[PDB]
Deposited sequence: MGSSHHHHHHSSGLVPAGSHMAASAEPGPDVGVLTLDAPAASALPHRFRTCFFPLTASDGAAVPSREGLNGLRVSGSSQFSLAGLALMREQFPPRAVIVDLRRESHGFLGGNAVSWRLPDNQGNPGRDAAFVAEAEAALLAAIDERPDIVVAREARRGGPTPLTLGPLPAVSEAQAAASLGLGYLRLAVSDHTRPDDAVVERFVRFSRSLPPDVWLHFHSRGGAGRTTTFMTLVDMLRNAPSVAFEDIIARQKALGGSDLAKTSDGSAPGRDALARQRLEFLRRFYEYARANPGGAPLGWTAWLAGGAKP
């Protein structure tokens, strides 16, 4: 069971939903803004190919698309499509290396073939399905490269916090970035997963100087979701908020991911 091939964003869509950068205005009470503008971070929902090209017009030099979707996905023509299991829990427990190979085979099987049936939710032009093809099927990694943009894949399950291995890899990644690299995160809807990692970036820089509640509140006011909003989905949201509180303390004791990493800090009892 590889899931139902489903539409994420039609080829005709432009700027993806929930697009925002750390320079956007805050929509309210209003939390502290200290250290927000300088984070070199933005986020959005899943984009079409045209939407990516549009965003690139305002991307700075040396920008990176950080794909947070553990589920297999890609592009059929300009259409962003994905393979949806129940609760969108594709490739459960799999890392980005496994996911990349699995979704590559799925995309290869629909490349330049007619009569590809793509399901559509009501919010995305449904409920009637969309029949497409023959069209080129490509991964988002290649889509990003075709525009001269960096690409990093981190497998995060929908509605779920990132695994400890994903957090460790991202913190190490963040430390390695030259000062001029810009990160654009995205998930499917640009809400939970996207807002979580924009928050991690915010904490890695500002946790020593900005309150936990202000970071969570301002990432919402920027256009993200409310990570402080917390049975199945509620429990995952509670688990996520607990992780964010624990990561906040980590970032306070290890500004910018140093001197200790995430897993090393946990192994030492979070001293």
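Enquirer: Where does the structure fail to cover the deposited sequence at the C-alpha level?
Expert: Deposited residues absent from the model fall in 1-29, 58-61, 264-268, 310.
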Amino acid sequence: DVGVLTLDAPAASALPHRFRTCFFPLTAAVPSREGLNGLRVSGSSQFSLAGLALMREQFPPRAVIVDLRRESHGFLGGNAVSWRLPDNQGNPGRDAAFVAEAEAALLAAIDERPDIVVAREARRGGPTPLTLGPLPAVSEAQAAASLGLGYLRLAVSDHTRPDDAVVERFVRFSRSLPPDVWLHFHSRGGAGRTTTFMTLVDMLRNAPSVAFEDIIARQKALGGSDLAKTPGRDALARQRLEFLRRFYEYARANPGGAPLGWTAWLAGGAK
From here on, numbers count along this sequence of modelled residues.
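Enquirer: Please work out which of 154-162 and 133-141 has the higher mean CA B-factor as recorded in the PDB entry.
Expert: It is 133-141.
Enquirer: Comparing 13-21 with 250-258, which has the greater mean CA B-factor as deposited?
Expert: Per the PDB record, 250-258.
Enquirer: So if I compare the CA B-factors in the entry for 43, 61, 38, 232, which one is the largest?
Expert: By C-alpha B-factor in the record, 232 ranks first.
Enquirer: Highest Cα temperature factor in the entry, among the options 77, 127, 148, 192: which one is it?
Expert: Result of the comparison over 77, 127, 148, 192: 127.
Enquirer: Per the entry's values, where does residue 228 land by CA temperature factor relative to the rest of its chain, in the lowest, middle or highest third?
Expert: Its C-alpha B-factor, which the entry lists for residue 228, ranks in the highest third among residues of this chain.
Enquirer: Place residue 169 in the lowest, middle or highest third of its chain's C-alpha B-factors, as listed in the PDB entry.
Expert: Its C-alpha B-factor, which the entry lists for residue 169, ranks in the middle third among residues of this chain.
Enquirer: Could you look up the Cα B-factor of residue 70 in the entry and say which third of the chain it sits in: lowest, middle or highest?
Expert: It falls in the bottom third of the chain.
Enquirer: Taking the chain's C-alpha temperature factors as the reference, tell me which third residue 219 falls into: lowest, middle or highest.
Expert: Ranked within chain, residue 219 CA B lands in the lowest tercile.
Enquirer: Using only modelled residues of the chain, where does the Cα B factor of residue 28 rank: lowest third, middle third or highest third?
Expert: Highest third - that is where residue 28 ends up once the chain's C-alpha B-factors are sorted.
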